[PDB]
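First, one chain by itself in structure tokens, the form deposited in one PDB entry.
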């Protein structure tokens, strides 16, 4: 189902994770040490130069629905591989882009998805930096947001009704997380300890106010 062609910082991580999730993954790399290191983290692992057409055929690359081209540094290799993958009619080709220029040729040679990992992680880090309290969020509208909050101290050993969040800020607490054991829909008396995960829902400004005052 999945082949990952570059086992580096990025490709290796995709590989390890797909495998941990339970999908079958073919790990490909030109470097023998890398292939050895990923033997345990992939269904199969093979030494191959992904820029070599017969080597790609030998991997049985067409038997794959998704091929990820994760060779970062070598722009030539990356596009040459992508080029070959498009020739072999691969349904989904995802490629890591090195820079603006690399993005542009990948776009034209028919990459299905182009990833800028650092750029994307930049946004995520900035999101983290601006509200440290928020671990995760989902934007429902311009105005509404579901927010996973890490409990700052003053919120310690307090029940739902202790700070009633429906009356005060007009937000609904969706869950509590204690010990990797969750309280899915809390009763009015359920204790929130420090470092429990609050899941809160409603108006963005109301949550932000609750953060300002209850934390």
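Only residues modelled in both forms are compared. Numbering follows the first chain given and starts at 1. Heads up, when I say rigid core I mean the largest set of C-alphas that superpose within 1.5 Å between the two forms.
Please compare 75-83 with 124-132 and name the stretch with the higher mean C-alpha B-factor in the deposited structure. Looking at the recorded C-alpha B-factors, 124-132 comes out higher on average.
Greater mean Cα temperature factor according to the PDB record, 39-47 or 155-163: On average, C-alpha B-factors are higher across 155-163.
By the entry's C-alpha temperature factors, tell me which of 109, 90, 140, 95 sits highest. Top of the list by C-alpha B-factor: 140.
Sorting 52, 181, 32, 65 by Cα temperature factor from the record, which one lands on top? The record points to 181.
Please say which third, lowest, middle or highest, residue 27 falls into when its CA temperature factor is compared across its chain. Lowest third of the chain for residue 27's C-alpha B-factor.
CA B-factor ranking of residue 19, expressed as a third of its chain: According to the entry, residue 19 has a C-alpha B-factor in the chain's middle third.
Splitting the chain's C-alpha B-factors into thirds, which one does residue 171 fall into? Middle third - that is where residue 171 ends up once the chain's C-alpha B-factors are sorted.
Relative to the other modelled residues in the chain, which third contains the C-alpha temperature factor of residue 149: lowest, middle or highest? Its C-alpha B-factor belongs to the highest third of this chain's values.
Splitting the chain's C-alpha B-factors into thirds, which one does residue 187 fall into? Highest third.
Beyond what is shown, the protein has a form deposited in another entry; the following relates to that form.
Post core alignment: residue 167 C-alpha displaced by 2 Å or more between this form and the one not shown: After core superposition, the C-alpha of residue 167 moves 2 Å or more between this form and the one not shown.
Relative to the superposed rigid core, does residue 11 relocate between this form and the one not shown - that is, does its Cα move 2 Å or more? No, the C-alpha position differs by under 2 Å between this form and the one not shown.
Over in the other structure, so in the other form, do residue 195 and residue 20 pull closer or drift farther apart at the C-alpha level? The difference is 3 angstroms or more. More distant in the other form, by 3 Å or more.
Which parts of the chain move between this form and the one not shown, counting only runs of three or more residues whose C-alpha shifts are all 2 Å or more after core fitting? Only one moving run appears between this form and the one not shown, namely 122-215.
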